[PDB]
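Undergrad: The file below is upload_33.cif, mmCIF, C-alpha atoms:
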data_data
#
loop_
_atom_site.label_atom_id
_atom_site.label_comp_id
_atom_site.auth_asym_id
_atom_site.auth_seq_id
_atom_site.Cartn_x
_atom_site.Cartn_y
_atom_site.Cartn_z
CA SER A 1 -137.06 -67.59 -7.21
CA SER A 2 -134.73 -64.70 -6.19
CA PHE A 3 -135.70 -62.55 -3.13
CA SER A 4 -134.15 -59.71 -1.02
CA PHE A 5 -133.44 -59.69 2.80
CA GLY A 6 -131.14 -57.51 4.94
CA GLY A 7 -129.44 -56.00 1.88
CA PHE A 8 -128.73 -59.45 0.37
CA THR A 9 -130.13 -61.04 -2.77
CA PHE A 10 -130.91 -64.67 -1.93
CA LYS A 11 -131.11 -67.23 -4.75
CA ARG A 12 -132.03 -70.87 -4.14
CA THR A 13 -129.61 -73.33 -5.82
CA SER A 14 -131.00 -76.65 -4.34
CA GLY A 15 -133.91 -77.96 -2.27
CA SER A 16 -137.58 -77.04 -1.82
CA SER A 17 -139.82 -75.73 1.01
CA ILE A 18 -143.41 -75.26 2.20
CA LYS A 19 -144.50 -72.47 4.56
CA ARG A 20 -146.04 -72.99 8.02
CA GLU A 21 -146.98 -70.01 10.23
CA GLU A 22 -145.52 -70.85 13.69
CA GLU A 23 -145.29 -69.41 17.19
CA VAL A 24 -141.81 -69.07 18.86
CA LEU A 25 -140.58 -67.91 22.32
CA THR A 26 -137.74 -65.37 22.66
CA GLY A 27 -135.22 -65.30 25.56
CA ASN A 28 -137.70 -62.82 27.14
CA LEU A 29 -140.43 -65.51 26.72
CA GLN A 30 -142.30 -63.30 24.27
CA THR A 31 -144.41 -65.12 21.62
CA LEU A 32 -143.66 -64.20 17.97
CA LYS A 33 -145.58 -65.58 15.01
CA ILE A 34 -143.11 -66.36 12.15
CA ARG A 35 -143.54 -67.78 8.65
CA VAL A 36 -141.39 -70.97 8.73
CA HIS A 37 -139.96 -72.55 5.59
CA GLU A 38 -139.73 -76.24 6.06
CA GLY A 39 -137.32 -78.15 3.91
CA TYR A 40 -133.59 -78.39 3.33
CA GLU A 41 -132.42 -75.57 0.99
CA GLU A 42 -129.19 -74.06 -0.39
CA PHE A 43 -128.78 -70.42 -1.41
CA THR A 44 -126.28 -67.90 -2.63
CA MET A 45 -126.38 -64.58 -0.67
CA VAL A 46 -125.16 -61.70 -2.77
CA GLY A 47 -124.64 -58.27 -1.17
CA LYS A 48 -122.61 -55.19 -2.08
CA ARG A 49 -119.80 -55.99 0.44
CA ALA A 50 -120.23 -59.70 1.12
CA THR A 51 -121.27 -62.98 -0.56
CA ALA A 52 -122.05 -66.37 0.94
CA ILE A 53 -123.25 -69.93 0.36
CA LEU A 54 -125.93 -70.83 2.89
CA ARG A 55 -127.02 -74.46 3.53
CA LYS A 56 -130.04 -74.79 5.85
CA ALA A 57 -132.65 -77.31 7.18
CA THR A 58 -135.97 -76.28 8.86
CA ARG A 59 -135.07 -73.59 11.48
CA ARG A 60 -131.48 -74.83 11.48
CA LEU A 61 -128.35 -73.40 9.75
CA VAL A 62 -126.21 -76.37 8.55
CA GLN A 63 -123.33 -74.32 7.02
CA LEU A 64 -122.42 -70.76 5.94
CA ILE A 65 -119.30 -69.95 3.93
CA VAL A 66 -118.79 -66.13 3.93
CA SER A 67 -116.60 -63.93 1.76
CA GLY A 68 -116.49 -60.14 2.05
CA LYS A 69 -114.71 -56.74 2.06
CA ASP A 70 -113.72 -56.92 5.79
CA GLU A 71 -114.81 -58.21 9.27
CA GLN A 72 -117.78 -55.75 9.53
CA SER A 73 -119.07 -56.70 6.01
CA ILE A 74 -118.73 -60.44 6.91
CA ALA A 75 -120.40 -60.08 10.38
CA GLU A 76 -123.30 -58.25 8.63
CA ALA A 77 -123.76 -61.28 6.25
CA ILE A 78 -123.46 -63.69 9.28
CA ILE A 79 -126.23 -61.80 11.21
CA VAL A 80 -128.57 -61.85 8.15
CA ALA A 81 -127.88 -65.61 7.65
CA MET A 82 -128.49 -66.38 11.39
CA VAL A 83 -131.79 -64.40 11.48
CA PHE A 84 -132.91 -65.94 8.11
CA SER A 85 -132.11 -69.51 9.42
CA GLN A 86 -134.91 -68.94 12.09
CA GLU A 87 -132.83 -71.07 14.53
CA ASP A 88 -134.12 -71.35 18.11
CA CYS A 89 -130.78 -70.08 19.54
CA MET A 90 -131.16 -66.88 17.42
CA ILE A 91 -134.76 -66.41 18.74
CA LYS A 92 -133.64 -67.24 22.38
CA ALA A 93 -130.81 -64.62 22.02
CA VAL A 94 -133.55 -61.89 22.01
CA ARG A 95 -133.47 -61.05 25.74
CA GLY A 96 -133.29 -58.35 28.43
CA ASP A 97 -134.63 -54.82 29.09
CA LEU A 98 -136.46 -53.06 26.13
CA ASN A 99 -135.61 -56.09 23.86
CA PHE A 100 -139.17 -56.73 22.69
CA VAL A 101 -140.82 -56.87 19.25
CA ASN A 102 -143.86 -54.56 18.59
CA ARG A 103 -146.54 -57.16 17.52
CA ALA A 104 -149.61 -54.85 18.09
CA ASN A 105 -149.62 -54.35 14.25
CA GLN A 106 -149.86 -57.96 12.88
CA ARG A 107 -149.00 -56.87 9.25
CA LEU A 108 -145.42 -55.86 10.42
CA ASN A 109 -142.50 -58.33 9.91
CA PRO A 110 -141.03 -60.09 12.98
CA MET A 111 -138.05 -61.26 10.77
CA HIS A 112 -137.23 -57.59 10.02
CA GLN A 113 -137.63 -56.77 13.74
CA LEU A 114 -135.25 -59.65 14.65
CA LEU A 115 -132.79 -58.34 12.06
CA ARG A 116 -132.90 -54.67 13.43
CA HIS A 117 -132.38 -56.10 16.92
CA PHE A 118 -129.23 -58.11 15.95
CA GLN A 119 -127.84 -55.37 13.61
CA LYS A 120 -127.67 -53.02 16.70
CA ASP A 121 -125.63 -55.59 18.74
CA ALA A 122 -124.90 -59.20 17.66
CA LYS A 123 -122.82 -59.88 20.81
CA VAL A 124 -125.60 -61.91 22.56
CA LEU A 125 -126.39 -63.56 19.17
CA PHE A 126 -122.80 -64.68 18.43
CA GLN A 127 -122.01 -65.71 22.08
CA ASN A 128 -125.32 -67.70 22.31
CA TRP A 129 -124.93 -69.36 18.87
CA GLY A 130 -122.35 -71.84 20.20
CA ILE A 131 -118.79 -72.68 19.03
CA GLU A 132 -117.21 -75.82 17.47
CA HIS A 133 -113.79 -77.39 16.67
CA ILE A 134 -112.99 -77.08 12.94
CA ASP A 135 -111.42 -79.36 10.27
CA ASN A 136 -108.39 -78.86 7.90
CA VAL A 137 -109.98 -77.01 4.85
CA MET A 138 -107.20 -74.49 4.02
CA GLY A 139 -108.35 -71.17 2.51
CA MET A 140 -111.35 -71.31 4.87
CA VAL A 141 -110.93 -69.98 8.41
CA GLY A 142 -113.02 -70.18 11.55
CA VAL A 143 -114.43 -67.11 13.18
CA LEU A 144 -114.91 -66.62 16.94
CA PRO A 145 -117.96 -64.72 18.42
CA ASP A 146 -115.71 -61.55 18.61
CA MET A 147 -114.85 -61.99 14.87
CA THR A 148 -111.21 -63.04 15.49
CA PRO A 149 -110.03 -65.52 12.80
CA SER A 150 -109.19 -68.97 14.22
CA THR A 151 -107.79 -72.16 12.67
CA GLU A 152 -108.95 -74.35 15.64
CA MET A 153 -112.43 -72.92 16.55
CA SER A 154 -115.47 -71.28 14.92
CA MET A 155 -119.11 -70.28 15.43
CA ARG A 156 -121.15 -73.44 14.75
CA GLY A 157 -121.42 -73.98 10.95
CA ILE A 158 -119.74 -70.64 10.02
CA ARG A 159 -116.60 -70.46 7.84
CA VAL A 160 -114.81 -67.42 6.28
CA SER A 161 -113.40 -67.77 2.72
CA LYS A 162 -110.74 -65.44 1.14
CA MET A 163 -112.25 -62.77 -1.16
#
Would you mind writing the structure in this file as structure tokens?
TA:
Amino acid sequence: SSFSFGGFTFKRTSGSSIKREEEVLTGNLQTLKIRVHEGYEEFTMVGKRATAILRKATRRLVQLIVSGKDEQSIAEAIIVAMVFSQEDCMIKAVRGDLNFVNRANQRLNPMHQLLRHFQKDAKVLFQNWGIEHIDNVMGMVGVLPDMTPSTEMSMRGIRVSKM
């Protein structure tokens, strides 16, 4: 069960899931209908300039270990992972003027509209994701919302591995 999303090939390595169509509110209090995968799953994300191991529970990213060509390649894989996770803080980061999803055509994908939104500017996404203190794990570094490597702090659940 290998699928494609945001230029990444996802491949499930553990867990299972059932789908539930659900309604969610953005930071602009706009209702989106999304197809939610319920169940704890693990995936490999393989792209041309980045790779990752993604561990996730229903609408919640548990951990993401990213490896890539450079900061831009890695941020790109982080954005895809955060949108794919379907986390409330990612949905609530959709806010402000013009930041609305065209839902007049119900066949269109709100996940692809969330992705386009965060690909343009992930600043609100990364700042609203939350940060956390990080453990020892040498060879794995933390990454701040501005993509600065840190040994003391990181975006919640996100770690950068050496390529």
Undergrad: Taking all atoms listed in the file into account, name the residue in A:74, A:50, A:147, A:94 that is nearest to residue 120 in chain A.
TA: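 Of A:74, A:50, A:147, A:94, the one nearest residue 120 in chain A, counting all atoms listed in the file, is A:94.
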Undergrad: Would you mind telling me which residue in A:123, A:162, A:35, A:60 lies nearest to residue 109 in chain A when using only C-alpha atoms?
TA: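 Nearest to residue 109 in chain A: A:35.
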Undergrad: What would the list of residues within 7 Å of (-116.6, -55.2, 3.3) (file frame) look like as an mmCIF file with C-alpha atoms, in the frame of the given file, if all atoms listed in the file are what count?
TA:
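Final file, point_30.cif:
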data_model
loop_
_atom_site.group_PDB
_atom_site.id
_atom_site.type_symbol
_atom_site.label_atom_id
_atom_site.label_comp_id
_atom_site.auth_asym_id
_atom_site.auth_seq_id
_atom_site.Cartn_x
_atom_site.Cartn_y
_atom_site.Cartn_z
ATOM 1 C CA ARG A 49 -119.800 -55.990 0.440
ATOM 2 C CA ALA A 50 -120.230 -59.700 1.120
ATOM 3 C CA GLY A 68 -116.490 -60.140 2.050
ATOM 4 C CA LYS A 69 -114.710 -56.740 2.060
ATOM 5 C CA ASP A 70 -113.720 -56.920 5.790
ATOM 6 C CA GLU A 71 -114.810 -58.210 9.270
ATOM 7 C CA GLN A 72 -117.780 -55.750 9.530
ATOM 8 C CA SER A 73 -119.070 -56.700 6.010
ATOM 9 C CA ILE A 74 -118.730 -60.440 6.910
#
Undergrad: Near residue 31 in chain A, within 12 Å and counting all atoms listed in the file, which residues show up once chain neighbours fewer than 4 positions away are dropped, as a count of residues only?
TA: 14
Undergrad: Do you know which residues are at most 7 Å from range 80-89 of chain A counting all atoms listed in the file, after dropping those on the same chain fewer than 4 positions away, and could you put them as a PDB file with C-alpha atoms, in the coordinates of the input?
TA:
ATOM      1  CA  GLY A   6    -131.140 -57.510   4.940  1.00  0.00           C
ATOM      2  CA  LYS A  56    -130.040 -74.790   5.850  1.00  0.00           C
ATOM      3  CA  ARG A  59    -135.070 -73.590  11.480  1.00  0.00           C
ATOM      4  CA  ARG A  60    -131.480 -74.830  11.480  1.00  0.00           C
ATOM      5  CA  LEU A  61    -128.350 -73.400   9.750  1.00  0.00           C
ATOM      6  CA  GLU A  76    -123.300 -58.250   8.630  1.00  0.00           C
ATOM      7  CA  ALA A  93    -130.810 -64.620  22.020  1.00  0.00           C
ATOM      8  CA  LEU A 114    -135.250 -59.650  14.650  1.00  0.00           C
ATOM      9  CA  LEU A 115    -132.790 -58.340  12.060  1.00  0.00           C
ATOM     10  CA  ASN A 128    -125.320 -67.700  22.310  1.00  0.00           C
ATOM     11  CA  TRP A 129    -124.930 -69.360  18.870  1.00  0.00           C
TER      12      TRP A 129
END
Undergrad: With 8 Å added on each side, what axis-aligned box encloses every listed atom of range 60-79 of chain A? Give the centre and edge lengths in Å to one decimal, as AutoDock Vina command-line options.
TA:
--center_x -122.6 --center_y -66.1 --center_z 6.6 --size_x 33.8 --size_y 36.6 --size_z 25.7
Undergrad: Please output range 20-41 of chain A, rebuilt to include N, CA and C atoms, as a PDB file, in the frame of the given file.
TA:
ATOM      1  N   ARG A  20    -145.169 -72.712   6.872  1.00  0.00           N
ATOM      2  CA  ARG A  20    -146.040 -72.990   8.020  1.00  0.00           C
ATOM      3  C   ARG A  20    -145.889 -71.776   8.942  1.00  0.00           C
ATOM      4  N   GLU A  21    -147.000 -71.105   9.259  1.00  0.00           N
ATOM      5  CA  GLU A  21    -146.980 -70.010  10.230  1.00  0.00           C
ATOM      6  C   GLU A  21    -146.810 -70.712  11.590  1.00  0.00           C
ATOM      7  N   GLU A  22    -145.856 -70.250  12.399  1.00  0.00           N
ATOM      8  CA  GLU A  22    -145.520 -70.850  13.690  1.00  0.00           C
ATOM      9  C   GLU A  22    -145.276 -69.842  14.785  1.00  0.00           C
ATOM     10  N   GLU A  23    -145.565 -70.226  16.024  1.00  0.00           N
ATOM     11  CA  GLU A  23    -145.290 -69.410  17.190  1.00  0.00           C
ATOM     12  C   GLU A  23    -143.970 -69.843  17.870  1.00  0.00           C
ATOM     13  N   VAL A  24    -143.132 -68.852  18.250  1.00  0.00           N
ATOM     14  CA  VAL A  24    -141.810 -69.070  18.860  1.00  0.00           C
ATOM     15  C   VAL A  24    -141.651 -68.225  20.126  1.00  0.00           C
ATOM     16  N   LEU A  25    -140.812 -68.659  21.079  1.00  0.00           N
ATOM     17  CA  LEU A  25    -140.580 -67.910  22.320  1.00  0.00           C
ATOM     18  C   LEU A  25    -139.186 -67.329  22.313  1.00  0.00           C
ATOM     19  N   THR A  26    -139.050 -66.019  22.584  1.00  0.00           N
ATOM     20  CA  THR A  26    -137.740 -65.370  22.660  1.00  0.00           C
ATOM     21  C   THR A  26    -137.108 -65.707  24.035  1.00  0.00           C
ATOM     22  N   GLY A  27    -135.894 -65.187  24.282  1.00  0.00           N
ATOM     23  CA  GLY A  27    -135.220 -65.300  25.560  1.00  0.00           C
ATOM     24  C   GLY A  27    -135.974 -64.565  26.655  1.00  0.00           C
ATOM     25  N   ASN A  28    -136.822 -63.587  26.257  1.00  0.00           N
ATOM     26  CA  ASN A  28    -137.700 -62.820  27.140  1.00  0.00           C
ATOM     27  C   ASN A  28    -139.050 -63.470  27.275  1.00  0.00           C
ATOM     28  N   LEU A  29    -139.218 -64.685  26.681  1.00  0.00           N
ATOM     29  CA  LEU A  29    -140.430 -65.510  26.720  1.00  0.00           C
ATOM     30  C   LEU A  29    -141.634 -64.778  26.110  1.00  0.00           C
ATOM     31  N   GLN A  30    -141.350 -64.061  25.058  1.00  0.00           N
ATOM     32  CA  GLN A  30    -142.300 -63.300  24.270  1.00  0.00           C
ATOM     33  C   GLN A  30    -142.630 -64.189  23.060  1.00  0.00           C
ATOM     34  N   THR A  31    -143.927 -64.326  22.747  1.00  0.00           N
ATOM     35  CA  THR A  31    -144.410 -65.120  21.620  1.00  0.00           C
ATOM     36  C   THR A  31    -144.392 -64.304  20.315  1.00  0.00           C
ATOM     37  N   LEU A  32    -143.678 -64.809  19.296  1.00  0.00           N
ATOM     38  CA  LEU A  32    -143.660 -64.200  17.970  1.00  0.00           C
ATOM     39  C   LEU A  32    -144.272 -65.207  17.019  1.00  0.00           C
ATOM     40  N   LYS A  33    -145.055 -64.722  16.065  1.00  0.00           N
ATOM     41  CA  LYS A  33    -145.580 -65.580  15.010  1.00  0.00           C
ATOM     42  C   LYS A  33    -144.653 -65.351  13.816  1.00  0.00           C
ATOM     43  N   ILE A  34    -144.021 -66.416  13.309  1.00  0.00           N
ATOM     44  CA  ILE A  34    -143.110 -66.360  12.150  1.00  0.00           C
ATOM     45  C   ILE A  34    -143.551 -67.290  11.021  1.00  0.00           C
ATOM     46  N   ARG A  35    -143.245 -66.915   9.779  1.00  0.00           N
ATOM     47  CA  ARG A  35    -143.540 -67.780   8.650  1.00  0.00           C
ATOM     48  C   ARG A  35    -142.309 -68.697   8.433  1.00  0.00           C
ATOM     49  N   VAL A  36    -142.454 -69.973   8.794  1.00  0.00           N
ATOM     50  CA  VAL A  36    -141.390 -70.970   8.730  1.00  0.00           C
ATOM     51  C   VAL A  36    -141.373 -71.718   7.407  1.00  0.00           C
ATOM     52  N   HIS A  37    -140.186 -71.806   6.812  1.00  0.00           N
ATOM     53  CA  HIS A  37    -139.960 -72.550   5.590  1.00  0.00           C
ATOM     54  C   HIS A  37    -139.370 -73.884   5.986  1.00  0.00           C
ATOM     55  N   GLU A  38    -140.112 -74.902   5.697  1.00  0.00           N
ATOM     56  CA  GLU A  38    -139.730 -76.240   6.060  1.00  0.00           C
ATOM     57  C   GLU A  38    -139.212 -76.914   4.857  1.00  0.00           C
ATOM     58  N   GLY A  39    -138.003 -77.435   4.975  1.00  0.00           N
ATOM     59  CA  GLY A  39    -137.320 -78.150   3.910  1.00  0.00           C
ATOM     60  C   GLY A  39    -135.876 -77.729   3.831  1.00  0.00           C
ATOM     61  N   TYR A  40    -135.004 -78.669   3.488  1.00  0.00           N
ATOM     62  CA  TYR A  40    -133.590 -78.390   3.330  1.00  0.00           C
ATOM     63  C   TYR A  40    -133.381 -77.602   2.026  1.00  0.00           C
ATOM     64  N   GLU A  41    -132.695 -76.451   2.124  1.00  0.00           N
ATOM     65  CA  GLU A  41    -132.420 -75.570   0.990  1.00  0.00           C
ATOM     66  C   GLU A  41    -130.997 -75.072   0.999  1.00  0.00           C
TER      67      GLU A  41
END
